[PDB]
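Listed next as C-alpha cells is one chain, alone, in the form deposited in one PDB entry.
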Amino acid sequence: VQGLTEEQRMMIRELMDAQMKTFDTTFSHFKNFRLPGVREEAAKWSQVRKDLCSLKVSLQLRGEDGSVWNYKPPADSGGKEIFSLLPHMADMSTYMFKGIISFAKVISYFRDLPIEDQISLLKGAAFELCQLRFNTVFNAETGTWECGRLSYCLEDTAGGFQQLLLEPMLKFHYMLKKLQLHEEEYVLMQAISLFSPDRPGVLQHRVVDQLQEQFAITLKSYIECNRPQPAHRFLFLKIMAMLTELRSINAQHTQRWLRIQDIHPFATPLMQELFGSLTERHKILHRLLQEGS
C-alpha cells in the first residue's frame, strides 16, 4: 500500500468509495422491473436468433420470505419466444447503467470534465463498465450471475462448456473471473475503460488520455505491491489485454442490440440515448449527471 504514491492511494481510495456508494451488489433497489409474462427482413430475423441463443438464461427471483420463482425460457420455435426475457434485461441494464453513471458522477477526475465529454465517455463505456460489474457477480462454476434476489443462470446447451466459450462475451466473463481480481483492480479497470480518450465525441483527448494513463500506472503498481504470487505474472498486461477485448465485444454487442431494436423495439428511454447537440439528444443522461448522489 505504501509502495503506492499517496496520490495513487487516494485514487484507489476514491474509486473504491465510488464503487461502494454506486454499485448495488444485492440489487435491492432494483424494483419495478418487467418480468416475462406469466424475406430480406427474414434474413435479419435469422441473425437475431443466433445472438439471443448464445445468451439464453433462466431467471431465479428469490424472495425475502424464502420463496423462489424460477422462469425457464421457452425453447425457440417461431417468433417472439426469443424476445421473452428482453423487456426484463432492458430494465436491468438501465438500472445497471444508472449506477455506472453515478460511479463516474462521484469521481473527481470525471466530475470536472466538460459535460459533453462526460456524456460521450459514459456512452462509450456504459457496456464495458456494466459487463465488468456483472463479472463480479458471475459464478463460473454455476454459470450464474448472482444479483442478490435475481439470479441469471446460463441455460445448459448440447455443445456444453465448449459451445459457450465460443461466445466472446461468455468467454470474456470466464477468463476475467479466472484472474481472481481484487475489487481494486476491477474499479481501476472500470476507470481505464471510463476514461478512454478515443471514444466517439470526446473533445478533451489530452485530459482524458492523461487521466487514463495514471489509472493504468496505479493499476500496474497495485499489482506490483499487493500480488507477488507466480500465477499473477503479467496480470497487468493480462488485464490490459482483456480491456482491449472488452472494447471489441462492446462493439459486437452494440450491433446485436441495434439489430434487435430494429426488429423488435424494446429499449428503455435511457437505453435509446446510449444508442443514437449532445446534451439535447441525451436529455435523460444530462439530467442524471447534474443530479446529486
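Just count from 1 along the sequence shown to find any residue number.
- Deposited sequence between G276 and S277: 10 or more residues lack coordinates.
- According to the PDB record, 51-59 carries the higher mean C-alpha B-factor of the two stretches 228-236 and 51-59.
- Mean CA B-factor, 184-192 versus 146-154: the higher value falls on 146-154.
- Of the residues listed, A125, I107, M92, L85, the entry assigns the biggest Cα temperature factor to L85.
- Among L121, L164, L129, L219, the highest C-alpha B-factor in the deposited entry belongs to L164.
- When the modelled residues of the chain are ordered by their C-alpha B factor, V207 lands in the middle third.
- Among the modelled residues of its chain, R199 has a C-alpha B-factor that falls in the middle third, as given in the PDB entry.
- Among the modelled residues of its chain, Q272 has a C-alpha B-factor that falls in the highest third according to the deposited record.
- When the modelled residues of the chain are ordered by their C-alpha B factor, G159 lands in the highest third.
- When the modelled residues of the chain are ordered by their C-alpha B factor, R13 lands in the middle third.
Below, we turn to the form solved in complex with a partner chain, even though it does not appear here.
- Checked against its partner chain in the bound PDB entry, the residues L154, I101, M92, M189 give one hit for a heavy atom within 4.5 Å, which is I101.
- Against its partner chain in the bound PDB entry, the set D51, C53 and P265 makes no contact: no member has a heavy atom within 4.5 Å.
- Shown alone here, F110 lies within 4.5 Å of its partner chain in the bound PDB entry, counting heavy atoms only.
- Contact check for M96: every heavy atom lies farther than 4.5 Å from its partner chain in the bound PDB entry.
- In the bound PDB entry, at least one heavy atom of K123 sits within 4.5 Å of its partner chain.
- Taking the partner from elsewhere, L170 is found to have every heavy atom lying beyond 4.5 Å of its partner chain in the bound PDB entry.
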